[PDB]
Amino acid sequence: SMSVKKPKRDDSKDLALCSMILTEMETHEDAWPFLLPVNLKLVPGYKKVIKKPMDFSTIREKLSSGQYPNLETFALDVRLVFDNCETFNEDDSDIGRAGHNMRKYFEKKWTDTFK
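Under the authors' numbering, the first residue of the sequence shown carries the number 1856, and numbering increases by one thereafter.
Here it is as structure tokens:
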């Protein structure tokens, strides 16, 4: 509260470490469904159904231009990618499996780096 603060958690490396994690996700073999924004002209249903599209290229641009205020808003957009994928894709499809795999991969790196 006013003039009463918990001790300062060191956040000075958060930008570098989120960038490293994102690099690891960009280079994973199962990242191909997620590298670029879904083409809303060419994929029926996507525009109407998926209210907040997100992809790794868009996260990388946001990260590079100071559009994440803190590491939690970064994790929210990464998870959005996988939540969108589960909304639109059957679990037993190549893309559906890719998204499960990537979410698992991310969540381990996230824990190992920050928790």
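Yeah, the Cβ is synthetic: ideal placement off N, Cα and C, and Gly gets one too.
**Request:** Give me the Cα-Cα distance between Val1936 and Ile1914, rounded to the nearest whole angstrom.
**Result:** In this structure, the alpha-carbon of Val1936 lies about 10 Å from that of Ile1914.
**Message:** Measuring straight from C-alpha to C-alpha, what distance separates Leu1870 and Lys1902?
**Reply:** Their Cα atoms are separated by approximately 31 Å.
**Asked** By how many angstroms is the C-alpha of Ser1858 removed from the C-alpha of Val1933?
**Response** Distance between the alpha carbons of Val1933 and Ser1858: 34 Å.
**Prompt:** What beta strand (DSSP E) runs, 3 residues minimum, are completely inside the stretch 1880-1915?
**Reply:** The stretch 1880-1915 contains no whole beta strand (DSSP E) run of 3 or more residues.
**Item:** The alpha helix (DSSP H) enclosing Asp1932, as first and last residue numbers
**Value:** Following the DSSP letters along the chain, one finds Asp1932 inside the alpha helix (DSSP H) bounded by residues 1926-1943.
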